[PDB]
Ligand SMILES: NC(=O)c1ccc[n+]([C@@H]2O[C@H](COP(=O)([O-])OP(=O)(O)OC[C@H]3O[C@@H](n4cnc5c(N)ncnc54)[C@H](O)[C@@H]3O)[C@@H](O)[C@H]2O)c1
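Just the one chain here, laid out as structure tokens, in the form deposited without this ligand.
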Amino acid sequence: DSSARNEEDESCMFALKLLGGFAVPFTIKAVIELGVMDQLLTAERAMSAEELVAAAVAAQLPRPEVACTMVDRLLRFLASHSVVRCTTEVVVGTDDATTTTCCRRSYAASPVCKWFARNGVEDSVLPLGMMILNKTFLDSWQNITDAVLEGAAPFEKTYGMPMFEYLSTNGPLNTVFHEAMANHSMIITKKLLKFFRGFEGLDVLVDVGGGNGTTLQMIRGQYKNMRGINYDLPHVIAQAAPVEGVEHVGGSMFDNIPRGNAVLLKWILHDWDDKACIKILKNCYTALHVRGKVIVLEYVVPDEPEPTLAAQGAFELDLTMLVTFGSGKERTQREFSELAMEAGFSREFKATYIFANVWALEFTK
């Protein structure tokens, strides 16, 4: 039934592929939580499931042969998606701890897997991953329907309150959230220092929502004669250590913003609707002197839904903001400029690509 038959078959499978695209993520999580991913990353040869379970899991196992075959099957699936490399050797006996009698598979990390390193943020996005895949946020996403009808945030529909509020009532999730944001912050700020030339010759710099990894410490680190101001809410500022060259200030960014030669908003704007954003940015306008600058660290969705990896990641972030916040959202270049102009800024705009979909966007007074 030549070619018609295959088209139909391909299409059906593509349907199924889309409906099951969660499998990859959830299998990655489980391979990380077993320590099997860390072992891949420390390895200098390919390693079988048996070898990797013995290395990753110190504990006596109640059914060790089954835990091995299960890990084998998980890694076989990842391998089919190019997450791990897989090689196959002949028996010489009968080994029971692979899912195939004839043939033992041995696995090695792909380049990408380094970004799942547990040890430390030595170039890892794992703590961020731990948040992306936490029960609490994933439950929200399964409840978008009812949230859309109500015109509400799925988070809130599902937990009966705004995520931020929720975080103060649940320390475990709070920890996860702050660790994710510190994670992202660290990678981004490191890259900023390599690629971005907007911090030079600035006498004061205000960081909004930071303090504690500060980020200003890292920056001030490379601009010794730059002073910093760490603006965030009082609850958060009441927990800040005195830091060399950094004033900590407490207060709400909707009410006021401290004066500097530049202000920094990393992953702030995208949490809020245009109306709330314009309140915020106005407060930055009144803070700033003329010739000064707001520096915005955000993704920038393209004007159109292009099928590129970069684009897809940005629209995905958009949907995370949707789920998390509702009216929080990702923005185009154009859309950001329009916010800046409402809030008083001139028609002078700078955009510099940093890393991992994040741009530094600068508005001047």
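Residues that one form lacks are left out of the comparison. Residue numbers here begin at 1 and follow the sequence given. Take the two forms, find the largest set of C-alpha atoms that superpose within 1.5 Å, and that set is the rigid core.
FYI, the form solved in complex with this ligand isn't displayed, but the following is about it.
- This form leaves room for this ligand: after superposition of the C-alphas round the site, using its pose in the deposited complex, no atom of it sits within 2.4 Å of a backbone or C-beta atom.
- Only one segment in the set 93-101, 228-236, 142-150, 286-294 has any non-hydrogen atom within 4.5 angstroms of this ligand in the deposited complex, and it is 228-236.
- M253 is the sole member of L192, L281, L75, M253 with a non-hydrogen atom within 4.5 Å of this ligand in the deposited complex.
- Think of it this way: in the deposited complex, this ligand has a heavy atom of just one of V84, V208, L216, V71 within 4.5 Å, and the residue is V208.
- Against this ligand in the deposited complex, the set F164, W272 and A276 is in full contact: each member has a heavy atom within 4.5 Å.
- 3-5 is the only run of at least 3 consecutive shared residues whose C-alphas each shift by 2 Å or more between the shown form and the other one once the core is superposed.
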